[PDB]
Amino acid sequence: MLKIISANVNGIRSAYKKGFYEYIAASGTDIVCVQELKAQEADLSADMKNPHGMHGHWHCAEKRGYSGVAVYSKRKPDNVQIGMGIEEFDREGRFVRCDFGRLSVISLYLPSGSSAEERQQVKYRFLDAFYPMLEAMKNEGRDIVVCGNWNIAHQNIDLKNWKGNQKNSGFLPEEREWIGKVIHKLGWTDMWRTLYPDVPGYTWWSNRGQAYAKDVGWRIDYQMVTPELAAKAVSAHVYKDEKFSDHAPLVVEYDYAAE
């Protein structure tokens, strides 16, 4: 049984403060994809690099206390790719790939364009140059999980107030259209949507108002899976027993064996 976790820690140090470290072991997971480390290698402790003896790898940004993704794994990954290859986005560190034989897990931090229009443009280009990547990986022949903060809502079911957010970044017709071109066109499987067609599955609630309390959140964290592995998925859930961050850890469980 292969348990994979995706979690935007929104600063890994705070998460470890709020008992995320302990949680990693408690969940008895085999792979953990974290987004937004908000730090650098020199900034992280040994436990934030190799939690509980679990191997680990990371991509950090040039900016201190900014962005950064990582992947922990009980098994020693055969190959590792830091950064997409596009320096423009690699200077922010949002892509980390780890091959574990037949399997390849990817931690992705899709840029959020809700801070400025220019950031929205950078996000758009990210999508444009990343689509071909999703396609190539779709045509490798290996089972590839993509855990990440896509920061894009697909349908009206993926967010509580889908009605008053069409003029807001994250639910813009363009972005949603891209996602569609990924699931149906590219042939990826929205693991959660495929396991639970009627469950909202919110994974993020804004600090504004009392949203988190009223379960007024979005679903911006995805695990896009290849058909072969997609079918092998047995369950999934959004862990909320403890709040480590404004995001909630997506825990998917597959009946897979990379060996």
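All residue numbers are counted from 1 along the displayed sequence.
Stretch exceeding the other in mean C-alpha B-factor - 191 to 199, 205 to 213: Mean C-alpha B-factor is greater for 205 to 213.
Between 153 to 161 and 69 to 77, which has the higher average C-alpha B-factor in the PDB entry? In the deposited entry, the stretch with the higher C-alpha B-factor mean is 153 to 161.
Highest Cα temperature factor in the entry, among the options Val96, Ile86, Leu110, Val145: which one is it? The record points to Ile86.
Which listed residue, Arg219, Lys49, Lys63, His52, has the largest C-alpha temperature factor in the record? The record points to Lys63.
What third of the chain, by the recorded C-alpha B-factor, contains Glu242? Tercile = middle for this residue's CA B-factor.
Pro227: which third of its chain by C-alpha temperature factor? Middle third of the chain for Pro227's C-alpha B-factor.
For the chain shown, is the CA B-factor of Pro249 in the lowest, middle or highest third of its modelled residues? For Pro249, the deposited C-alpha B-factor lands in the lowest third.
Which third, lowest, middle or highest, does the CA B-factor of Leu44 fall in along this chain? Ranked within chain, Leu44 CA B lands in the middle tercile.
In terms of the chain's CA B-factor thirds, is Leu186 lowest, middle or highest? Middle third by C-alpha B-factor.
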